[PDB]
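See structure below.
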Amino acid sequence: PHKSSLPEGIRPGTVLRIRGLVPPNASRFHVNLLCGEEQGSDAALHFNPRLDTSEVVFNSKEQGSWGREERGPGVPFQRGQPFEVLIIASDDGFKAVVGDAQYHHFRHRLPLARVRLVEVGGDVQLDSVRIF
Amino acid sequence: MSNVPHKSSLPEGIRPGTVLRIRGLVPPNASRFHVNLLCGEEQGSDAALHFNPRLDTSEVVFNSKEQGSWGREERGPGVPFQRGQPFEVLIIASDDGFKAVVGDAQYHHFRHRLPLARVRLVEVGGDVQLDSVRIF
Ligand SMILES: OC[C@H]1O[C@@H](S[C@@H]2O[C@H](CO)[C@H](O)[C@H](n3cc(-c4cccc(F)c4)nn3)[C@H]2O)[C@H](O)[C@@H](n2cc(-c3cccc(F)c3)nn2)[C@H]1O
Numbered sequence: 004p005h006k007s008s009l010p011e012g013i014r015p016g017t018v019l020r021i022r023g024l025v026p027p028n029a030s031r032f033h034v035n036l037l038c039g040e041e042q043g044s045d046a047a048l049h050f051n052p053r054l055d056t057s058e059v060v061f062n063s064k065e066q067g068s069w070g071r072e073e074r075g076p077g078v079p080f081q082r083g084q085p086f087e088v089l090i091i092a093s094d095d096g097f098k099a100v101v102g103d104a105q106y107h108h109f110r111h112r113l114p115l116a117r118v119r120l121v122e123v124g125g126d127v128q129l130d131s132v133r134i135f
Numbered sequence: 000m001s002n003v004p005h006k007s008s009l010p011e012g013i014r015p016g017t018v019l020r021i022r023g024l025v026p027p028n029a030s031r032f033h034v035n036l037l038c039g040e041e042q043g044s045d046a047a048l049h050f051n052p053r054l055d056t057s058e059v060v061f062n063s064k065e066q067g068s069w070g071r072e073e074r075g076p077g078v079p080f081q082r083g084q085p086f087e088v089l090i091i092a093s094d095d096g097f098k099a100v101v102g103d104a105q106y107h108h109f110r111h112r113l114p115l116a117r118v119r120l121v122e123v124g125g126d127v128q129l130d131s132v133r134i135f
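Chains B and A, in that order, give the protein sequences.
Using the authors' numbering, count along the first sequence one by one with no gaps and you end on 135.
Using the authors' numbering, count along the second sequence one by one with no gaps and you end on 135.
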């Protein structure tokens, strides 16, 4: 599970670029925006491609409890294939970009200013995480 | 074949947290090309951002145009573009300005001079062969 601290926190205009490879046998993987380095910290954003059930789940976690799932059938990832994801913080939410198209817009639940790090876990080969 | 340009409207304008992703090739004998964030489709439209890699003079110029008049030019550090080489540029809008990212590295920050809400059009032209222009 990769972790990268956000160099100047996050505001509208912060961009995370995540390049990686989905393993041939992958079940799921996730990208989290967390509000602290301690285990169980609140997640302002949880981006969760599920290859074994062909869906994507978006959610947040507050006080060890998950929120309302923003989910849907289909997944813009394929086992064995490389990807490039953008997570873009906007004034009213996070835009999740996969490949050449915005896949979802996740409206803010937690205060944007509380986000401290990015976590990448689950079944994924991470090539790079860049923060612009 | 020809240079391949781009024009696309931004009906809802752009807001803080918008990414313009531009991928393309600078052709062998390129002089210069541009990326413009314009306020309308009229010729000579005001420009919130004029981003102008000049291969011929080895500079990258940033400017605005307001009420028909150009602002003071800003110049980035060196030229992260080469004739015969492909590139990727991100133009990222924030509350405070535009960040230009070129090939994996932060390149320049251009503070807003015009209100971001006025932007309604993106045009890419000049000596460039565009792979893709995407706005997120
Ligand atoms: O929200 C995000 C969270 O989701 C749950 S699974 C979730 O749990 C619920 C239980 O009440 C529901 O069963 C829910 N659900 C609704 C439907 C449904 C409802 C209606 C219609 C229809 F079609 C289908 N199907 N399933 C599940 O998605 C994951 O465990 C969790 N997570 C994963 C990890 C994790 C961390 C590290 C490594 C790792 F492998 C996993 N750490 N937290 C996190 O990703």
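Beta carbons are placed, not taken as given, at the ideal position from N, Cα and C, and that holds for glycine.
I think residue i touches residue j, with their Cβ atoms under 8 Å apart; what is that distance to the nearest whole Å?
| i | j | result |
| --- | --- | --- |
| residue 87 of chain A | residue 22 of chain A | 5 Å |
| residue 96 of chain B | residue 79 of chain B | The pair is not a contact, with the Cβ atoms about 18 Å apart (cut-off 8 Å). |
| residue 25 of chain B | residue 132 of chain B | Not confirmed; about 16 Å, so no contact. |
| residue 83 of chain A | residue 4 of chain A | About 19 Å separates the two Cβ atoms, so there is no contact after all. |
| residue 20 of chain B | residue 115 of chain B | Contact flag wrong, Cβ pair sits at about 18 Å. |
| residue 112 of chain A | residue 38 of chain A | With 8 Å as the limit, residue 112 of chain A and residue 38 of chain A do not qualify as a contact, their Cβ atoms being about 12 Å apart. |
| residue 48 of chain B | residue 68 of chain B | In fact, because the Cβ distance is near 15 Å, the residues do not count as touching under 8 Å. |
| residue 18 of chain A | residue 89 of chain B | 7 Å |
With distances taken Cα to Cα, identify the nearest neighbour of residue i among the options.
| i | options | result |
| --- | --- | --- |
| residue 16 of chain A | A:117, A:109, A:102 and A:91 | A:91 |
| residue 108 of chain B | B:75, B:83 and B:133 | B:75 |
| residue 142 of chain A | A:130, A:40 and A:32 | Absent from the model: residue 142 of chain A. The displayed extent of chain A is 0 to 135, so no value can be given. |
| residue 110 of chain A | A:119, A:73, A:134 and A:100 | A:73 |
| residue 44 of chain A | A:8, A:2, A:65 and A:98 | A:65 |
| residue 42 of chain B | B:135, B:134 and B:120 | B:120 |
| residue 6 of chain A | A:40, A:27, A:58 and A:60 | A:40 |
Check whether the Cβ of residue i lies closer than 8 Å to any Cβ atom in chain A.
| i | result |
| --- | --- |
| residue 14 of chain B | yes |
| residue 21 of chain B | no |
| residue 133 of chain B | yes |
Given that a residue counts as buried once 16 or more other Cβ atoms are within 10 Å of its Cβ, and exposed if not, what is residue i?
| i | result |
| --- | --- |
| residue 35 of chain B | buried |
| residue 85 of chain B | exposed |
| residue 29 of chain A | buried |
| residue 52 of chain A | buried |
| residue 98 of chain A | buried |
| residue 104 of chain A | exposed |
Establish whether the CB of residue i and some CB of chain B are separated by less than 8 Å.
| i | result |
| --- | --- |
| residue 7 of chain A | no |
| residue 18 of chain A | yes |
| residue 105 of chain A | yes |
| residue 100 of chain A | yes |
| residue 48 of chain A | no |
| residue 130 of chain A | no |
| residue 92 of chain A | yes |
| residue 54 of chain A | no |
| residue 24 of chain A | no |
With a threshold of 6 Å on Cβ separation, who are the neighbours of residue i within its own chain once the five nearest residues in sequence on each side are excluded?
| i | result |
| --- | --- |
| residue 93 of chain A | 15 |
| residue 135 of chain A | 18 |
Spatial neighbours of residue i within its chain, please: C-beta separation below 8 Å, excluding the five flanking residues on both sides.
| i | result |
| --- | --- |
| residue 130 of chain A | 22, 23, 24 and 85 |
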